[PDB]
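Take the position in the sequence shown, starting the count at 1, then add 4; the result is the number in the UniProt record's numbering.
We put the CB at the ideal spot given by N, CA and C, even for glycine.
Reviewing the structure listed below.
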Amino acid sequence: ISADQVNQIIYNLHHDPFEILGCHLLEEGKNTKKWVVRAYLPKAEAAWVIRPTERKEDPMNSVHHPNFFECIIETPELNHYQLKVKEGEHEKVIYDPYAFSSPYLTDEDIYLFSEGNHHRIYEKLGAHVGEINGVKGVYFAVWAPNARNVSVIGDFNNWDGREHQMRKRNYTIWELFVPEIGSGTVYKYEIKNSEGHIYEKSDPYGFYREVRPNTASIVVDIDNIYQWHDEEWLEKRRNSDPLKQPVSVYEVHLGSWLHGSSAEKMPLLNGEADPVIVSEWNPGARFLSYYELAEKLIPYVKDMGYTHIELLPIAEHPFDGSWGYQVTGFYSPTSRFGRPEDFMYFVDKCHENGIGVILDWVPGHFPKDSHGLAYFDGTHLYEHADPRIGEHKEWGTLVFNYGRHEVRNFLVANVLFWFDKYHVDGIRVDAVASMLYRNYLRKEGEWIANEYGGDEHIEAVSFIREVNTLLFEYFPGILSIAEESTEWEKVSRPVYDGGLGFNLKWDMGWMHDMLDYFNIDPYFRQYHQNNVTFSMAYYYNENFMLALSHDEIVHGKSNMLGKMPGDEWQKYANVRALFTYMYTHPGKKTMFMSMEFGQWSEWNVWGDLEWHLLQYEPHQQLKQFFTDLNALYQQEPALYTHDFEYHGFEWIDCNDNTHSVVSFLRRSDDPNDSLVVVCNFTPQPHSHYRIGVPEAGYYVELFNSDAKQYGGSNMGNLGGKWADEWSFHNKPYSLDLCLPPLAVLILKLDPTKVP
Ligand SMILES: OC[C@H]1O[C@H](O[C@H]2[C@H](O)[C@@H](O)[C@@H](O[C@H]3[C@H](O)[C@@H](O)[C@@H](O[C@H]4[C@H](O)[C@@H](O)[C@@H](O)O[C@@H]4CO)O[C@@H]3CO)O[C@@H]2CO)[C@H](O)[C@@H](O)[C@@H]1O
Ligand SMILES: OC[C@H]1O[C@H](O[C@H]2[C@H](O)[C@@H](O)[C@@H](O[C@H]3[C@H](O)[C@@H](O)[C@@H](O[C@H]4[C@H](O)[C@@H](O)[C@@H](O)O[C@@H]4CO)O[C@@H]3CO)O[C@@H]2CO)[C@H](O)[C@@H](O)[C@@H]1O
Ligand SMILES: [Mg+2]
Ligand SMILES: [Mg+2]
Ligand SMILES: [Mg+2]
Ligand SMILES: [Mg+2]
């Protein structure tokens, strides 16, 4: 490019920056093409073009002006890229703001979508504010290849679509531009199928939706509603390995954490809305908005010391009682809690406070409701046609046809969408077995094997691997968490090694072992020492997340206190011991709302949590215990740097089944960061109980779960103990400890204490 052209840009004289900025073809070779990307980045000193799906990164060069950049790249197609932009000492990675000159679908958009590879399809499908033929308005487009007709109905034409019939393109997608309407518009698609049957559909790519049970889509100007402040958070994320950091997750169902009064409006970020009543049976109560949750949940979590909040699915879902697991509006956060920008504010404020956001994501199925994706165009469009692979009969839901390109594309782009538009830090997929097996919950003779005669759902396995491949390429540094309950191998291993490509897997066997263990009367735990120790036998086959989830405190399972045997004191003590053990055992941590303050009742998704309990000392003491445990966790590198390496853990001894005692070391990079952990899982205290340690010196008691400030009896070792030169447990030194009742000790060598 010329200096004259560059200056026209720099001085705002150019007639159309899209002619010069963005990606432009320069020439076609035999086997490849030459492209240039140009960007004008005022304040940037350096920039790079990332091609994350090819794993390449090329520098851009300043051309004629220090903030005007060009990058010449040869590759057969340049569909997928990002700009990395350095301003002083900070880097951000963004999509190119000049990537798409037209609001309408181009030939290239349609081709990529037909192949299942349009990672940004939601920029074109759905509803977008833009300009066509010189007039402002909204462009709508929808995939519905077998429909006979489609119209746009909405507020703007009183729900009569005769003058807003859409145009079909390439026998696949319907489009229409409507002038002079804007964001806030309420609409649906009216579809006639091949039988002449007419019906009404929410927008599958819609960005906002009426409050359930109403289902019309709402047009959102999604790139001009919120201003973010989280660049430094996102840079740190992208440059860090989360597997090596503390990850302590507070799992939250937004609709049931805290309720407000329905006798007042729901406040929003700079606005307000009508209250959303929680249920007709509890009509005095309303949900809190994303905005109110940002103001209340976030400081609560920050003070407790968790690193992350994990949300039960917030994608739009018609029924409270599915807990979010039956989604019908995959591209919009639920309007129960307000608008898209209020959720963006929640995430921004999490990042301002140093807290990451993980979203439960539901790609495994969708329910039958007629406003949603089912039988979309008068054929089995989203779902597979054969019910033996296309329905989960025991659940009454439909299963995506992962093999069908535009369906795969809906889902792959949907995951990316949450990271792009809402800046989230991770996803968790519930029930991964439900996608992986062709015989999932199906009786003999009511499913068919794959082409090699196996039970593996080939198409789903491929989809899962593609999702995880793309997620990590576009958003390095994120968490991708699976719950898979059949010992499928290499869940949390890279795709290049025959894995599914998640980075963490819930240790459901650990969870069962531990909760089954603690539910046993302590005298009988001597017969089940193996519950304590067994999970370490297979631990290194995955990267495990130790989760005590929502699923474990419903349906007659009790809340954590009620699972524990004995009187009120021992119930609390058993909670403290279990969770101190969980936080010291290798792996990342997740626990569910209400567990941190000892709610007695099961989680009830129709009410809010029993916050009045926090008026009372035992509940306040447990909450302090977790606050301090989380603080320790973040303070001690041996609790997080080497979770997934042999170095990070070693048993000291696990043979004393008769007293239900175990002990172990955690390690990090510095040998002085080593910790000794001692667990006593009955209410019998022990005096002069020896434990082997590897070095001489004074071992400080960093943490004692029996401290009086946590509700314990305050037995302990008075702050620490000097090791004896008395060999024990095959180690040259040993500590002669008092073991408090139903309690866990964490000790650390202070190699500078004065003898
Ligand atoms: O300090 C004197 C005693 O210290 C040691 O006793 C221990 C017990 O061994 C531990 O098990 C624990 O005791 C718990 C007890 O397990 C639990 O049931 C509960 O017992 C209370 C009960 O809540 C209450 O309603 C009433 O019956 O009083 C009981 C009081 O003992 O709470 C206990 C802790 O308060 O903790 C104490 C350690 O302090 C040592 O073993 C004893 O020999 C010695 O007497
Ligand atoms: O009477 C008071 C006694 O207190 C002290 O004994 C303690 C030890 O200090 C503890 O470490 C523990 O002993 C465990 C031991 O840690 C555990 O390994 C297991 O030992 C097995 C051993 O693993 C196996 O190799 C085989 O050797 O036999 C051993 C004995 O079973 O079980 C031990 C407990 O049974 O608890 C005891 C108290 O019970 C103090 O050191 C003693 O001198 C004192 O008598
Ligand atoms: Mg009509
Ligand atoms: Mg399950
Ligand atoms: Mg058993
Ligand atoms: Mg309540």
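Query, Result
"Whose C-alpha, out of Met-719, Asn-153, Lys-90, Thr-756, is nearest the C-alpha of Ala-577?", "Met-719"
"At a threshold of 7 Å, does residue 761 count as lining ligand 2 (C-beta to nearest heavy atom)?", "Because the chain is modelled from 5 through 759, residue 761 falls outside the range shown and cannot be assessed."
"Could you say if the region 149-164 and the region 192-206 meet the contact criterion of at least three C-beta pairs nearer than 8 Å?", "yes"
"Can the beta-carbon of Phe-732 be found closer than 8 Å to that of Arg-671?", "no"
"If you follow the alpha helix (DSSP H) that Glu-705 is part of, which residue opens it and which one closes it?", "Unbroken run through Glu-705 is the beta strand (DSSP E), 702-708; no alpha helix (DSSP H)."
"Given a cut-off of 8 Å, decide if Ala-131 and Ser-221 are closer than it, judged by their beta-carbon atoms.", "yes"
"Going residue by residue through the region 202-289, where are the continuous beta strand (DSSP E) segments of at least 3 residues, counting only ones entirely within it?", "202-205, 252-256, 263-265, 270-272, 275-277"
"By DSSP's criteria, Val-67 is part of a beta bridge. Which residues make up the other side?", "Bridge partners of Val-67: none, in fact."
"Quick one: what does DSSP say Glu-119 is sitting in, helix, strand or coil?", "helix"
"Would you kindly report the start and end of the unbroken alpha helix (DSSP H) that includes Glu-345?", "344-356"
"Less than 7 Å between the CB of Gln-639 and some heavy atom of ligand 1, yes or no?", "no"
"I'd like to know whether the C-beta atoms of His-355 and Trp-451 end up nearer to each other than 8 Å.", "no"
"Determine the contact status of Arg-469 and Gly-430, defining contact as a CB-CB distance below 8 Å.", "no"
"What is the DSSP secondary structure of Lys-593, reduced to helix, strand or coil?", "strand"
"Would you call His-554 buried or exposed, if buried means 16 or more other Cβ atoms sit within 10 Å of its Cβ?", "buried"
"Let me check understanding here. Comparing Cα to Cα, which of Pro-687, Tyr-441, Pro-70, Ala-581 lies closest to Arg-42?", "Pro-70"
"Take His-388 and list the residues in its own chain whose beta-carbon comes closer than 7 Å to its own, dropping the five residues that flank it on each side.", "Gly-394, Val-403, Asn-405"
"Measure the C-alpha to C-alpha separation of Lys-60 and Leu-87 and round it to an integer number of angstroms.", "12 Å"
"When DSSP labels each residue in this structure, what does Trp-514 get in the three-state scheme?", "helix"
"Count the other CB atoms within 10 Å of the CB of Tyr-175; is the residue buried (16 or more) or exposed (fewer)?", "exposed"
"On the DSSP bridge list, what partners appear for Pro-183?", "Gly-141"
"Ligand 4 and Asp-555: does any heavy atom of the ligand fall closer than 7 Å to the residue's C-beta?", "yes"
"Measuring only the C-alpha atoms, how far is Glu-32 from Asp-245?", "39 Å"
"At a cut-off of 7 Å, would you count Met-719 as near ligand 1, judging by its Cβ distance to the nearest heavy atom?", "yes"
"Examine the Cβ distances between the region 207-215 and the region 120-130 and report whether three or more of them are shorter than 8 Å.", "yes"
"What is the rounded straight-line gap between the Cα of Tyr-500 and the Cα of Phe-476?", "13 Å"
"Measuring straight from C-alpha to C-alpha, what distance separates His-663 and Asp-525?", "13 Å"
"Could you tell me whether the Cβ atoms of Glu-487 and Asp-434 are closer together than 8 Å?", "yes"
"Where does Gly-333 fall in DSSP's three states?", "strand"
"Measure from the alpha carbon of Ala-541 to the alpha carbon of each residue in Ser-266, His-589, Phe-341, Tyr-527, then state which is nearest.", "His-589"
"Counting only runs that start and end within the region 527-575, where is the beta strand (DSSP E) found for 3 or more residues in a row?", "548-552"
"Just reading off the alpha helix (DSSP H) that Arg-392 is part of, what are its end residues?", "391-394"
"Among residues of its own chain, excluding the 5 on either side of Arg-290, which ones have a beta-carbon nearer than 7 Å to its beta-carbon?", "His-263, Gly-264, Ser-265, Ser-266, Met-270, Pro-279, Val-280, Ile-281, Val-282"
"Where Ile-362 and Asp-352 are concerned, what is the direct C-alpha to C-alpha distance, given to the nearest angstrom?", "13 Å"
"Can you tell me where the beta strand (DSSP E) holding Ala-417 begins and where it ends?", "Premise fails: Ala-417 lies in the alpha helix (DSSP H), 409-426, not in any beta strand (DSSP E)."
"Need the endpoints of the alpha helix (DSSP H) that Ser-6 sits in, please.", "Note, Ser-6: premise wrong, no alpha helix (DSSP H); not H, not E."
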